[PDB]
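Have a look at entry_17.pdb; it's PDB, C-alpha atoms:
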ATOM      1  CA  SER A   1     -13.374  15.518  11.178
ATOM      2  CA  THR A   2     -11.182  14.935   8.157
ATOM      3  CA  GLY A   3      -7.511  14.627   7.287
ATOM      4  CA  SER A   4      -5.513  15.121   4.078
ATOM      5  CA  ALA A   5      -1.847  14.270   3.580
ATOM      6  CA  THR A   6       0.442  14.175   0.575
ATOM      7  CA  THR A   7       2.131  10.880  -0.233
ATOM      8  CA  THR A   8       5.448  10.943  -2.108
ATOM      9  CA  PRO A   9       7.280   8.217  -4.062
ATOM     10  CA  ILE A  10      10.480   7.091  -2.339
ATOM     11  CA  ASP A  11      12.430   6.824  -5.581
ATOM     12  CA  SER A  12      12.251   7.301  -9.339
ATOM     13  CA  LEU A  13      10.457   3.960  -9.846
ATOM     14  CA  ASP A  14       7.584   4.543  -7.395
ATOM     15  CA  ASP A  15       8.794   1.520  -5.401
ATOM     16  CA  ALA A  16       6.739   2.755  -2.447
ATOM     17  CA  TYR A  17       5.161   5.963  -1.150
ATOM     18  CA  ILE A  18       5.799   7.775   2.134
ATOM     19  CA  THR A  19       3.402  10.003   4.016
ATOM     20  CA  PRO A  20       4.400  12.225   6.958
ATOM     21  CA  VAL A  21       2.800  11.249  10.291
ATOM     22  CA  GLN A  22       2.985  13.190  13.566
ATOM     23  CA  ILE A  23       3.524  10.998  16.645
ATOM     24  CA  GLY A  24       3.669  12.156  20.242
ATOM     25  CA  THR A  25       3.900  15.445  22.097
ATOM     26  CA  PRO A  26       5.718  17.505  20.959
ATOM     27  CA  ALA A  27       5.185  15.981  17.526
ATOM     28  CA  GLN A  28       7.807  13.651  16.094
ATOM     29  CA  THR A  29       7.276  13.461  12.339
ATOM     30  CA  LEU A  30       8.064  10.124  10.712
ATOM     31  CA  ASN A  31       7.566   9.194   7.071
ATOM     32  CA  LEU A  32       5.438   6.051   7.001
ATOM     33  CA  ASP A  33       4.434   3.634   4.256
ATOM     34  CA  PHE A  34       0.613   3.558   4.281
ATOM     35  CA  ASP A  35      -0.248  -0.084   3.680
ATOM     36  CA  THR A  36      -3.811  -1.200   2.931
ATOM     37  CA  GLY A  37      -2.502  -4.791   3.008
ATOM     38  CA  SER A  38      -1.567  -4.858   6.706
ATOM     39  CA  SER A  39      -2.888  -3.605  10.023
ATOM     40  CA  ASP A  40       0.063  -2.606  12.230
ATOM     41  CA  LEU A  41       1.372   0.928  12.750
ATOM     42  CA  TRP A  42       5.039   0.308  13.533
ATOM     43  CA  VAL A  43       8.036   2.605  13.630
ATOM     44  CA  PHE A  44      11.779   2.697  13.820
ATOM     45  CA  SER A  45      12.490   3.842  17.343
ATOM     46  CA  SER A  46      14.993   4.518  20.096
ATOM     47  CA  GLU A  47      14.488   0.822  20.948
ATOM     48  CA  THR A  48      15.505  -0.480  17.509
ATOM     49  CA  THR A  49      18.736  -2.506  17.518
ATOM     50  CA  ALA A  50      21.340   0.120  16.611
ATOM     51  CA  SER A  51      22.983  -1.906  13.827
ATOM     52  CA  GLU A  52      19.574  -2.208  12.133
ATOM     53  CA  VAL A  53      19.061   1.559  11.862
ATOM     54  CA  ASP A  54      20.625   3.242   8.804
ATOM     55  CA  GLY A  55      19.345   6.745   8.130
ATOM     56  CA  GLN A  56      15.718   6.379   9.281
ATOM     57  CA  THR A  57      14.058   8.898  11.564
ATOM     58  CA  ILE A  58      13.210   7.278  14.889
ATOM     59  CA  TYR A  59      10.375   7.664  17.369
ATOM     60  CA  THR A  60      11.620   8.213  20.921
ATOM     61  CA  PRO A  61       8.728   7.552  23.297
ATOM     62  CA  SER A  62      10.650   8.890  26.321
ATOM     63  CA  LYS A  63      10.569  12.340  24.663
ATOM     64  CA  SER A  64       6.774  12.266  24.244
ATOM     65  CA  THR A  65       4.716  13.476  27.181
ATOM     66  CA  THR A  66       1.670  11.568  25.874
ATOM     67  CA  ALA A  67       3.412   8.211  25.297
ATOM     68  CA  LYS A  68       2.476   5.329  27.567
ATOM     69  CA  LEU A  69       3.888   1.805  27.498
ATOM     70  CA  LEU A  70       1.159  -0.689  26.677
ATOM     71  CA  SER A  71       2.289  -3.062  29.367
ATOM     72  CA  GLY A  72       3.000  -6.624  28.292
ATOM     73  CA  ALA A  73       2.117  -6.053  24.648
ATOM     74  CA  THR A  74       4.385  -7.298  21.884
ATOM     75  CA  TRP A  75       4.094  -7.549  18.119
ATOM     76  CA  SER A  76       5.755  -9.450  15.294
ATOM     77  CA  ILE A  77       4.913  -9.306  11.617
ATOM     78  CA  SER A  78       6.070 -10.915   8.406
ATOM     79  CA  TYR A  79       5.196  -9.459   5.024
ATOM     80  CA  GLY A  80       4.543 -11.137   1.685
ATOM     81  CA  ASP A  81       7.963 -10.048   0.449
ATOM     82  CA  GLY A  82       9.740 -11.935   3.234
ATOM     83  CA  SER A  83      10.564  -8.879   5.332
ATOM     84  CA  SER A  84       9.697  -8.684   9.029
ATOM     85  CA  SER A  85       9.856  -6.630  12.199
ATOM     86  CA  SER A  86       8.924  -6.975  15.872
ATOM     87  CA  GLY A  87       8.935  -5.169  19.193
ATOM     88  CA  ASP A  88       6.812  -3.727  21.974
ATOM     89  CA  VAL A  89       3.985  -1.180  22.045
ATOM     90  CA  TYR A  90       3.179   2.330  23.240
ATOM     91  CA  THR A  91      -0.018   4.292  22.979
ATOM     92  CA  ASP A  92       0.385   7.889  21.861
ATOM     93  CA  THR A  93      -1.261  10.675  19.895
ATOM     94  CA  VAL A  94      -1.002  10.198  16.133
ATOM     95  CA  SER A  95      -1.999  12.761  13.520
ATOM     96  CA  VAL A  96      -2.217  12.398   9.743
ATOM     97  CA  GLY A  97      -2.882  15.455   7.637
ATOM     98  CA  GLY A  98      -4.636  17.248  10.487
ATOM     99  CA  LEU A  99      -6.679  14.242  11.702
ATOM    100  CA  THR A 100      -5.770  13.259  15.255
ATOM    101  CA  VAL A 101      -6.242   9.975  17.103
ATOM    102  CA  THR A 102      -5.435   9.795  20.793
ATOM    103  CA  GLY A 103      -4.437   6.465  22.327
ATOM    104  CA  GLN A 104      -3.252   4.972  19.029
ATOM    105  CA  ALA A 105      -1.115   1.841  19.347
ATOM    106  CA  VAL A 106       2.350   2.759  18.095
ATOM    107  CA  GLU A 107       4.373  -0.414  17.700
ATOM    108  CA  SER A 108       8.019   0.264  18.477
ATOM    109  CA  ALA A 109      10.483  -1.912  16.577
ATOM    110  CA  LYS A 110      13.176  -3.682  18.528
ATOM    111  CA  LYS A 111      14.188  -5.650  15.418
ATOM    112  CA  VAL A 112      13.704  -5.097  11.700
ATOM    113  CA  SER A 113      14.837  -7.251   8.767
ATOM    114  CA  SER A 114      17.566  -6.164   6.365
ATOM    115  CA  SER A 115      15.160  -4.869   3.703
ATOM    116  CA  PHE A 116      13.852  -2.267   6.164
ATOM    117  CA  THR A 117      17.314  -1.263   7.367
ATOM    118  CA  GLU A 118      18.465  -0.835   3.781
ATOM    119  CA  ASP A 119      15.632   1.535   2.931
ATOM    120  CA  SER A 120      16.560   4.803   4.574
ATOM    121  CA  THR A 121      13.414   6.562   3.307
ATOM    122  CA  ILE A 122      10.803   4.479   5.176
ATOM    123  CA  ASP A 123      10.514   5.135   8.923
ATOM    124  CA  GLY A 124       7.792   2.510   9.445
ATOM    125  CA  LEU A 125       4.393   1.346   8.236
ATOM    126  CA  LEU A 126       0.858   2.538   8.875
ATOM    127  CA  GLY A 127      -1.537  -0.342   8.287
ATOM    128  CA  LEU A 128      -4.931   0.328   6.751
ATOM    129  CA  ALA A 129      -6.311  -3.206   6.295
ATOM    130  CA  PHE A 130      -8.848  -4.546   8.813
ATOM    131  CA  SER A 131      -7.899  -4.605  12.496
ATOM    132  CA  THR A 132      -8.449  -8.381  12.610
ATOM    133  CA  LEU A 133      -4.955  -8.678  11.051
ATOM    134  CA  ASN A 134      -3.230  -6.612  13.745
ATOM    135  CA  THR A 135      -0.432  -8.639  15.329
ATOM    136  CA  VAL A 136      -0.312  -7.145  18.833
ATOM    137  CA  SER A 137      -0.481  -9.779  21.574
ATOM    138  CA  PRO A 138      -2.125 -10.494  23.944
ATOM    139  CA  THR A 139      -4.570  -7.654  23.203
ATOM    140  CA  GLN A 140      -5.084  -6.964  19.495
ATOM    141  CA  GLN A 141      -5.030  -3.268  18.593
ATOM    142  CA  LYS A 142      -6.996  -1.120  16.154
ATOM    143  CA  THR A 143      -5.657   0.609  13.067
ATOM    144  CA  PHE A 144      -5.472   4.379  12.810
ATOM    145  CA  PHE A 145      -8.483   4.325  10.464
ATOM    146  CA  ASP A 146     -10.516   2.092  12.775
ATOM    147  CA  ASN A 147      -9.800   4.434  15.707
ATOM    148  CA  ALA A 148     -10.627   7.553  13.658
ATOM    149  CA  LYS A 149     -13.687   6.157  11.913
ATOM    150  CA  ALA A 150     -16.458   7.229  14.272
ATOM    151  CA  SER A 151     -15.152  10.819  14.315
ATOM    152  CA  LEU A 152     -14.823  11.150  10.544
ATOM    153  CA  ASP A 153     -17.407  13.050   8.517
ATOM    154  CA  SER A 154     -17.797   9.855   6.466
ATOM    155  CA  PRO A 155     -16.230   6.474   7.348
ATOM    156  CA  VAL A 156     -13.883   6.392   4.367
ATOM    157  CA  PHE A 157     -10.370   7.021   3.235
ATOM    158  CA  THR A 158      -9.102   7.502  -0.304
ATOM    159  CA  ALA A 159      -5.829   6.695  -2.047
ATOM    160  CA  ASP A 160      -4.770   8.865  -4.978
ATOM    161  CA  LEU A 161      -1.257   7.684  -5.806
ATOM    162  CA  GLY A 162       0.796   9.499  -8.416
ATOM    163  CA  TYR A 163       2.817   8.114 -11.294
ATOM    164  CA  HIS A 164       6.342   9.441 -10.754
ATOM    165  CA  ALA A 165       4.719  12.239  -8.725
ATOM    166  CA  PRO A 166       3.178  12.934  -5.321
ATOM    167  CA  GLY A 167      -0.416  12.054  -4.542
ATOM    168  CA  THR A 168      -2.847  12.191  -1.644
ATOM    169  CA  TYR A 169      -4.402  10.169   1.162
ATOM    170  CA  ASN A 170      -7.660  11.695   2.419
ATOM    171  CA  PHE A 171      -9.600  10.597   5.497
ATOM    172  CA  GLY A 172     -13.281  11.264   6.055
ATOM    173  CA  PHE A 173     -14.273  12.751   2.704
ATOM    174  CA  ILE A 174     -14.280  12.150  -1.031
ATOM    175  CA  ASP A 175     -12.618  14.933  -3.046
ATOM    176  CA  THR A 176     -14.928  15.169  -6.047
ATOM    177  CA  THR A 177     -12.328  17.270  -7.902
ATOM    178  CA  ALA A 178      -9.715  14.489  -7.775
ATOM    179  CA  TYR A 179     -11.199  12.133 -10.390
ATOM    180  CA  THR A 180     -12.983  12.132 -13.725
ATOM    181  CA  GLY A 181     -16.353  10.582 -14.474
ATOM    182  CA  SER A 182     -18.008   8.540 -11.745
ATOM    183  CA  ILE A 183     -16.788   6.229  -8.991
ATOM    184  CA  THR A 184     -17.776   2.591  -9.470
ATOM    185  CA  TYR A 185     -18.222   0.731  -6.207
ATOM    186  CA  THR A 186     -17.683  -3.001  -5.833
ATOM    187  CA  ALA A 187     -18.174  -5.533  -3.036
ATOM    188  CA  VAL A 188     -15.503  -6.352  -0.476
ATOM    189  CA  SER A 189     -14.892  -9.537   1.478
ATOM    190  CA  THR A 190     -13.230  -8.921   4.832
ATOM    191  CA  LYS A 191     -12.906 -12.641   5.573
ATOM    192  CA  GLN A 192      -9.108 -12.634   5.200
ATOM    193  CA  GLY A 193      -8.706  -9.162   6.754
ATOM    194  CA  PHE A 194      -7.941  -7.463   3.433
ATOM    195  CA  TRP A 195      -9.727  -5.093   1.081
ATOM    196  CA  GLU A 196     -10.530  -8.098  -1.092
ATOM    197  CA  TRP A 197     -12.680  -7.666  -4.184
ATOM    198  CA  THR A 198     -13.354  -9.258  -7.584
ATOM    199  CA  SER A 199     -12.325  -7.595 -10.818
ATOM    200  CA  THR A 200     -14.575  -8.337 -13.783
ATOM    201  CA  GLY A 201     -11.769  -8.935 -16.292
ATOM    202  CA  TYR A 202      -8.971  -7.407 -18.310
ATOM    203  CA  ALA A 203      -7.682  -6.234 -21.660
ATOM    204  CA  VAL A 204      -4.153  -5.943 -23.050
ATOM    205  CA  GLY A 205      -3.450  -2.779 -25.023
ATOM    206  CA  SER A 206      -6.165  -2.136 -27.607
ATOM    207  CA  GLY A 207      -7.281  -5.770 -27.437
ATOM    208  CA  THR A 208     -10.731  -7.059 -26.640
ATOM    209  CA  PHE A 209     -11.862  -7.199 -23.034
ATOM    210  CA  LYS A 210     -11.878 -10.654 -21.447
ATOM    211  CA  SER A 211     -14.721 -11.061 -18.967
ATOM    212  CA  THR A 212     -13.414 -13.184 -16.119
ATOM    213  CA  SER A 213     -13.586 -12.934 -12.331
ATOM    214  CA  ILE A 214     -10.264 -12.104 -10.679
ATOM    215  CA  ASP A 215     -10.350 -12.071  -6.879
ATOM    216  CA  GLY A 216      -7.619  -9.950  -5.342
ATOM    217  CA  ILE A 217      -6.664  -7.339  -2.773
ATOM    218  CA  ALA A 218      -6.265  -3.574  -3.047
ATOM    219  CA  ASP A 219      -2.813  -3.190  -1.511
ATOM    220  CA  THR A 220      -1.044   0.180  -1.416
ATOM    221  CA  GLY A 221       1.932  -1.465   0.300
ATOM    222  CA  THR A 222       2.777  -3.723  -2.657
ATOM    223  CA  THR A 223       4.619  -2.128  -5.570
ATOM    224  CA  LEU A 224       3.506  -4.297  -8.479
ATOM    225  CA  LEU A 225       0.383  -5.856  -9.978
ATOM    226  CA  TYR A 226       0.275  -9.627  -9.323
ATOM    227  CA  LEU A 227      -2.280 -11.565 -11.376
ATOM    228  CA  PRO A 228      -2.901 -15.156 -12.496
ATOM    229  CA  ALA A 229      -0.244 -16.653 -14.739
ATOM    230  CA  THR A 230      -2.669 -16.903 -17.663
ATOM    231  CA  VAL A 231      -3.391 -13.153 -17.559
ATOM    232  CA  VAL A 232       0.261 -12.213 -17.110
ATOM    233  CA  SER A 233       1.377 -14.438 -19.998
ATOM    234  CA  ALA A 234      -1.249 -12.838 -22.243
ATOM    235  CA  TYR A 235       0.130  -9.389 -21.378
ATOM    236  CA  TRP A 236       3.828 -10.143 -21.903
ATOM    237  CA  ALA A 237       3.162 -12.059 -25.126
ATOM    238  CA  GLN A 238       2.421  -8.622 -26.634
ATOM    239  CA  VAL A 239       5.954  -7.374 -25.874
ATOM    240  CA  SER A 240       8.632  -8.601 -28.278
ATOM    241  CA  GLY A 241      11.437 -10.317 -26.417
ATOM    242  CA  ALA A 242       9.689 -10.416 -23.039
ATOM    243  CA  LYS A 243      10.198 -13.575 -21.023
ATOM    244  CA  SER A 244       9.887 -14.957 -17.547
ATOM    245  CA  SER A 245      13.327 -15.217 -15.989
ATOM    246  CA  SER A 246      13.694 -17.611 -13.071
ATOM    247  CA  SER A 247      17.114 -16.103 -12.299
ATOM    248  CA  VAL A 248      15.769 -12.545 -12.088
ATOM    249  CA  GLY A 249      12.504 -13.582 -10.411
ATOM    250  CA  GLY A 250       9.838 -12.625 -12.927
ATOM    251  CA  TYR A 251       9.056 -11.216 -16.318
ATOM    252  CA  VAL A 252      11.684  -9.045 -17.926
ATOM    253  CA  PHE A 253      11.542  -7.229 -21.226
ATOM    254  CA  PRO A 254      13.913  -5.350 -23.529
ATOM    255  CA  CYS A 255      14.344  -1.819 -22.278
ATOM    256  CA  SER A 256      13.921  -0.700 -25.920
ATOM    257  CA  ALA A 257      10.271  -1.836 -25.883
ATOM    258  CA  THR A 258       7.167   0.270 -25.878
ATOM    259  CA  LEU A 259       4.807  -1.382 -23.375
ATOM    260  CA  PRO A 260       1.080  -1.785 -24.049
ATOM    261  CA  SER A 261      -1.473  -0.582 -21.539
ATOM    262  CA  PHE A 262      -3.370  -2.972 -19.285
ATOM    263  CA  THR A 263      -7.057  -2.532 -18.465
ATOM    264  CA  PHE A 264      -8.849  -4.056 -15.476
ATOM    265  CA  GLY A 265     -12.575  -4.202 -14.870
ATOM    266  CA  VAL A 266     -14.460  -2.778 -11.905
ATOM    267  CA  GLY A 267     -18.037  -3.854 -12.459
ATOM    268  CA  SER A 268     -18.952  -2.485 -15.883
ATOM    269  CA  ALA A 269     -16.261   0.212 -15.569
ATOM    270  CA  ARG A 270     -12.670   0.011 -16.790
ATOM    271  CA  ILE A 271      -9.393   1.329 -15.347
ATOM    272  CA  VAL A 272      -6.559   1.741 -17.830
ATOM    273  CA  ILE A 273      -2.964   1.367 -16.654
ATOM    274  CA  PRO A 274      -0.716   3.119 -19.202
ATOM    275  CA  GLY A 275       2.185   1.055 -20.496
ATOM    276  CA  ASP A 276       4.774   3.341 -18.908
ATOM    277  CA  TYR A 277       3.393   2.475 -15.447
ATOM    278  CA  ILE A 278       4.474  -1.134 -16.081
ATOM    279  CA  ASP A 279       8.176  -0.241 -16.603
ATOM    280  CA  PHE A 280      10.352  -0.832 -13.522
ATOM    281  CA  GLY A 281      13.597  -0.139 -15.305
ATOM    282  CA  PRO A 282      16.876  -2.001 -15.672
ATOM    283  CA  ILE A 283      17.229  -5.164 -13.611
ATOM    284  CA  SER A 284      20.683  -3.912 -12.561
ATOM    285  CA  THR A 285      22.400  -0.620 -13.289
ATOM    286  CA  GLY A 286      23.266  -0.324 -16.978
ATOM    287  CA  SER A 287      21.359  -3.433 -18.061
ATOM    288  CA  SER A 288      19.197  -3.405 -21.173
ATOM    289  CA  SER A 289      16.841  -5.924 -19.542
ATOM    290  CA  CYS A 290      13.998  -4.177 -17.752
ATOM    291  CA  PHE A 291      11.786  -5.511 -14.969
ATOM    292  CA  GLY A 292       8.053  -5.784 -15.566
ATOM    293  CA  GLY A 293       5.381  -4.229 -13.396
ATOM    294  CA  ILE A 294       2.841  -7.005 -14.000
ATOM    295  CA  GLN A 295       3.952 -10.322 -12.508
ATOM    296  CA  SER A 296       2.425 -13.702 -11.754
ATOM    297  CA  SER A 297       0.711 -14.274  -8.428
ATOM    298  CA  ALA A 298       1.254 -18.031  -8.726
ATOM    299  CA  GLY A 299       2.651 -19.210  -5.421
ATOM    300  CA  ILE A 300       1.633 -16.035  -3.548
ATOM    301  CA  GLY A 301      -1.788 -17.533  -3.009
ATOM    302  CA  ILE A 302      -3.610 -14.277  -3.736
ATOM    303  CA  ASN A 303      -3.823 -11.737  -6.535
ATOM    304  CA  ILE A 304      -2.590  -8.283  -5.562
ATOM    305  CA  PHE A 305      -3.725  -4.985  -7.034
ATOM    306  CA  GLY A 306      -0.639  -3.112  -5.885
ATOM    307  CA  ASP A 307       0.571   0.374  -6.681
ATOM    308  CA  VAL A 308       0.909  -0.249 -10.447
ATOM    309  CA  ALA A 309      -2.868  -0.732 -10.591
ATOM    310  CA  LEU A 310      -3.993   1.612  -7.847
ATOM    311  CA  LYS A 311      -2.027   4.627  -9.105
ATOM    312  CA  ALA A 312      -4.081   4.521 -12.322
ATOM    313  CA  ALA A 313      -7.218   5.236 -10.256
ATOM    314  CA  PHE A 314      -8.786   7.300  -7.517
ATOM    315  CA  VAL A 315      -9.600   4.601  -4.943
ATOM    316  CA  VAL A 316     -12.197   4.803  -2.175
ATOM    317  CA  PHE A 317     -11.790   2.520   0.821
ATOM    318  CA  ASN A 318     -15.306   2.638   2.234
ATOM    319  CA  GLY A 319     -15.350   1.485   5.850
ATOM    320  CA  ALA A 320     -19.102   1.653   6.341
ATOM    321  CA  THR A 321     -20.763  -1.196   8.253
ATOM    322  CA  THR A 322     -20.576  -3.202   5.035
ATOM    323  CA  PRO A 323     -17.260  -2.133   3.488
ATOM    324  CA  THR A 324     -16.910  -1.539  -0.258
ATOM    325  CA  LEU A 325     -14.216  -0.296  -2.666
ATOM    326  CA  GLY A 326     -14.672   2.444  -5.236
ATOM    327  CA  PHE A 327     -12.590   3.112  -8.332
ATOM    328  CA  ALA A 328     -12.615   6.120 -10.647
ATOM    329  CA  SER A 329     -10.427   7.150 -13.530
ATOM    330  CA  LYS A 330      -8.452  10.366 -13.035
TER
END
Output the file's structure in the form of structure tokens.
Amino acid sequence: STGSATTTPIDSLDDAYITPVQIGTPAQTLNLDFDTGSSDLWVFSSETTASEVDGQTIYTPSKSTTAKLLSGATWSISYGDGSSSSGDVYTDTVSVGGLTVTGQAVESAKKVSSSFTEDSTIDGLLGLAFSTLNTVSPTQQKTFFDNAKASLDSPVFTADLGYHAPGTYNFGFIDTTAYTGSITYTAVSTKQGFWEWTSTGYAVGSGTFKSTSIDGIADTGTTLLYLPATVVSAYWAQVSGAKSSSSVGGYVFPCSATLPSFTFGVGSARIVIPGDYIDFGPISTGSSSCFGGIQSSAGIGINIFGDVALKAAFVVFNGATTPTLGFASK
């Protein structure tokens, strides 16, 4: 089997991407944030504290003839950005782009943090990291991909995120029309539960390539590109007036600037992030200070190849017995 679904930016900055997901019988369609940096499929629901729901579409398990309470199971997750959610668990039928999993754990939120409430466009998350990170207790549950894997034509999914435009998540096949040149594959460590890999270096604009190993995670659920402070300083030093602002929480730059591109290495291959992908716009409405899309990972504890990086590539998440990651230009 295969599946193919369009993923759409939630706003004009590509702050996140939502993908429609069918849950239950009859289908209830929720728009979920596909997150290769976590492993829980959780939704706003009829159980979510009413004051914490503000415009989201909810899953109502009592209206699904295939929903079953997973008795005694609870979940609770905290994300790198400080947001969180928790609740109980149902199993139900879940379909993405025509690919159906029966008995998928659907984690129903009883509580969500303010950041989730305040984002009316995201109805929940669909985790695509390794199932070892799933938070369900006392019986850990599998991700949608893990459940689908054996049935797929090939044990892969691909992320093709758009810049200020829709893109595609495919399951079970590689669309050879969706990228240019060849796909370069690189090793993955699953030791921390992430799609963790090592970039071979970077360049700023038309500058020379610096060969250096940068361990990090391919994370569709993180907006920005978080890299070591040395790398980030080298980038922003090429933008007149750019500075790290403790009050704003990262590098800012004059909105009048033209940003240089940023290149990262995948083996001997190179992915180029155009400068415009690194512009996250005014820090507040009407400001002439703009927020940068490349930020320091110092104090996160891990480098994160978030959407800024991934949207410059066609990305293969290869879930074969030994997982790997593939990157192509597009």
Given the PyMOL selection byres ((chain A and resi 288) around 10), the residues it picks as a PyMOL selection string: chain A and resi 252-256+281-287+289-291
Selected residue, from A:169, A:262, A:59, A:209, that lies nearest to residue A:232 when counting all atoms listed in the file: A:262
Target residues per the PyMOL selection byres ((chain A and resi 210) around 12), formatted as an MDAnalysis selection string: chainID A and resid 199:204 206:209 211:214 230:231 234 262:265 270
What are the centre and edge lengths in Å, to one decimal, of the axis-aligned box around all listed atoms of stretch 312-324 of chain A with 8 Å added on each side, as lines of an AutoDock Vina configuration file?
center_x = -12.4
center_y = 2.0
center_z = -2.0
size_x = 32.7
size_y = 26.5
size_z = 36.6
Spatial neighbours of residue A:156, max dist 12 Å, only C-alpha atoms, sep filter under 3 positions, as an MDAnalysis selection string: chainID A and resid 1:3 128 145:146 148:153 159 169:175 315:326
Near-residue A:82 list (9 Å; all atoms listed in the file; drop same-chain fewer than 2 positions) as number ranges by chain: A: 78-80, 84, 113, 115
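For the structure in this document, the set picked by the PyMOL selection byres ((chain A and resi 52) around 10) is residues 44, 48, 49, 50, 51, 53, 54, 55, 56, 110, 111, 112, 113, 114, 115, 116, 117 and 118 of chain A.
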Write to file, as a short mmCIF file (atom, residue, chain, number, x, y, z; two decimals), keeping the file's coordinate frame, the residues of the selection just made, with C-alpha atoms.
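New file part.cif:
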data_model
loop_
_atom_site.label_atom_id
_atom_site.label_comp_id
_atom_site.auth_asym_id
_atom_site.auth_seq_id
_atom_site.Cartn_x
_atom_site.Cartn_y
_atom_site.Cartn_z
CA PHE A 44 11.78 2.70 13.82
CA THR A 48 15.50 -0.48 17.51
CA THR A 49 18.74 -2.51 17.52
CA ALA A 50 21.34 0.12 16.61
CA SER A 51 22.98 -1.91 13.83
CA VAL A 53 19.06 1.56 11.86
CA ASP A 54 20.62 3.24 8.80
CA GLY A 55 19.34 6.74 8.13
CA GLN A 56 15.72 6.38 9.28
CA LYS A 110 13.18 -3.68 18.53
CA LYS A 111 14.19 -5.65 15.42
CA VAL A 112 13.70 -5.10 11.70
CA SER A 113 14.84 -7.25 8.77
CA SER A 114 17.57 -6.16 6.36
CA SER A 115 15.16 -4.87 3.70
CA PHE A 116 13.85 -2.27 6.16
CA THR A 117 17.31 -1.26 7.37
CA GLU A 118 18.46 -0.84 3.78
#
Nearby residues (all atoms listed in the file) at most 8 Å from residue A:16, same-chain spacing under 3 positions excluded, as a list in words: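 These residues fall inside the cut-off: residues 9, 10, 11, 33, 221, 222, 223 and 307 of chain A.
If you count only C-alpha atoms and ignore residues fewer than 6 places along the chain from residue A:191, what sits within 12 Å of it is residues 129, 130, 131, 132, 133, 197, 217 and 323 of chain A.
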Separation of atom CA of residue A:5 from atom CA of residue A:274 in Å: 25.4 Å
Selection near residue A:327, 7 Å with all atoms listed in the file, sequence-local residues under 3 positions removed, as JSON, numbers by chain: {"A": [183, 184, 185, 313, 314, 315, 316]}
Take the residues that were just selected and, keeping C-alpha atoms, output them as a PDB file, keeping the file's coordinate frame.
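So again-v8.pdb came out as:
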ATOM      1  CA  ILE A 183     -16.788   6.229  -8.991  1.00  0.00           C
ATOM      2  CA  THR A 184     -17.776   2.591  -9.470  1.00  0.00           C
ATOM      3  CA  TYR A 185     -18.222   0.731  -6.207  1.00  0.00           C
ATOM      4  CA  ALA A 313      -7.218   5.236 -10.256  1.00  0.00           C
ATOM      5  CA  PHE A 314      -8.786   7.300  -7.517  1.00  0.00           C
ATOM      6  CA  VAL A 315      -9.600   4.601  -4.943  1.00  0.00           C
ATOM      7  CA  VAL A 316     -12.197   4.803  -2.175  1.00  0.00           C
TER       8      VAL A 316
END
Interatomic distance (Å, one decimal) between atom CA of residue A:100 and atom CA of residue A:189: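 Computing it gives 28.2 Å between the two atoms.
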Length of the atom CA of residue A:278 to atom CA of residue A:36 vector [Å]: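 Atom-to-atom, atom CA of residue A:278 to atom CA of residue A:36, that is 20.7 Å.
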Nearest to residue A:311 by atom-to-atom distance, counting only C-alpha atoms, from A:257, A:294, A:161, A:266: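 Of A:257, A:294, A:161, A:266, the one nearest residue A:311 is A:161, counting only C-alpha atoms.
Distances here use all atoms listed in the file; by that measure, the residue among A:60, A:121, A:246, A:66 closest to residue A:102 is A:66.
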Protein and nucleic acid residues near (10.7, 5.1, 11.7) (cut-off 8 Å, all atoms listed in the file) as an NGL selection string: :A and (30-32 or 42-45 or 56-59 or 122-124)
Nearest-residue call for residue A:280, choices A:229, A:22, A:164, A:310, using all atoms listed in the file: A:164
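Considering all atoms listed in the file, the residue among A:165, A:41, A:125, A:259 positioned nearest to residue A:92 is A:41.
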Nearest-residue call for residue A:61, choices A:225, A:272, A:109, A:21, using only C-alpha atoms: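 With only C-alpha atoms as the atom set, the closest residue is A:109.
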